[PDB]
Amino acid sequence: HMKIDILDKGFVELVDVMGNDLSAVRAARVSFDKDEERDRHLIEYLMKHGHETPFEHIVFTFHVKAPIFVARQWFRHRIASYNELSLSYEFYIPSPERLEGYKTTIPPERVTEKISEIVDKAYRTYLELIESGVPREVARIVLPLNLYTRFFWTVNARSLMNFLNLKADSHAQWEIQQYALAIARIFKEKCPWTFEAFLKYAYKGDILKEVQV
């Protein structure tokens, strides 16, 4: 059902989800059983007064493809579960549009060309080492930080909201902002009430109030 492309070869794909906004309502009340307006008011109430633990009973699993340098920033979120690929070889090459804004001394397209060339040289050294009998765990160290990896991320909505706080923000690196908007979108579609209360009361960042879904 839900897969969003990010960057040149990335994605965020939704694998599974447990619960919805009413999961947090039931957990707060500690009752397994509905009144829309009242249950909506509770979500807002929880979020307004920082009673956030009921949001932990909503869990998501994502399959994410992102460059290693993005993954490293992501994996710093410790309240979450991860399984990473331990195979195929693709790389994020920034478009020229990624480098307009910045005043530079060579054309933005030349930057894209240069990055692409160095990637090609590195990969080729790697394949050459692999063909020589060099084990992969050694041969791969020449590969650049823009090598795509993939991982499964299982994460509850509370910790997901910490992630949005930190990464759906103009101080975060643009690349990771893009992934974060994809995660915000899937989150909004599954837990609309919780996302809305979040934006309203607890969200510390800037982009999700700018840019729809």
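Heads up: residue numbers just count along the shown sequence, starting at 1.
Where residue 132 is followed by residue 133 in the displayed chain, the model omits none of the deposited residues that would sit between the two. In this crystal structure, the stretch out of 34-42 and 171-179 whose C-alpha atoms carry the higher mean B factor is 34-42. In this entry, 94-102 shows the higher mean Cα temperature factor of the pair 94-102 and 117-125. Among all modelled residues in this chain, the alpha-carbon of residue 85 has a temperature factor (C-alpha) in the highest third.
Ranked by C-alpha B-factor against the other modelled residues of its chain, residue 143 falls in the middle third.
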